[PDB]
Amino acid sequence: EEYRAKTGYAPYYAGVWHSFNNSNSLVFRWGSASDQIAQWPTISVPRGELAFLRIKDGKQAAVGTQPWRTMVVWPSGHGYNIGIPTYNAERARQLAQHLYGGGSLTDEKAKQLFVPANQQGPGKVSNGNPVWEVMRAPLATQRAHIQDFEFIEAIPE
């Protein structure tokens, strides 16, 4: 509805962090100092779906070698969600598929979908705290064993 960074954690730029893929990939930061990492709300996502973000107005996006118009939001492992920019919506959809599909940020499949540190460029900040559209899609989900012959059901895509 009105998806943006938690209040105060904007403007932000895409930079690097030793606690996100050992400083090798871009993540949104609200400052240049120790652990000034932008924090993001948890999107309500039901089993059988995914979500990623696409900024409503690209002119308001943070800028590296390009405007960062698409991203995936995921737990950092440090008690809040981080925003991970991607090159485009296709990559964002593929990263969300991996993570909502059961994957981890430390998986090679995830790492290869991040934007590398050498794309930071000028590290320009966003225009304020702009609104992103929550992009939702069905996600193919397998049966999961619970107990005896009880399973939670598959969801086709």
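A residue's number is simply how far along the shown sequence it sits, counting from 1.
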Problem set entry | Given 23 to 31 and 43 to 51, the range whose Cα B-factors average higher in the PDB entry | 43 to 51
Problem set entry | C-alpha B-factor winner, where the candidates are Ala14, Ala10, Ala144, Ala137 | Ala137
Seminar exercise, completed: In this crystal structure's PDB entry, the residue among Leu113, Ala117, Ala62, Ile37 with the greatest CA B factor is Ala117
Exercise. Is the Cα B-factor recorded for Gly103 in the lowest, middle or highest third of its chain?
Worked result: lowest
Exercise. Which third, lowest, middle or highest, does the CA B-factor of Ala89 fall in along this chain?
Worked result: highest
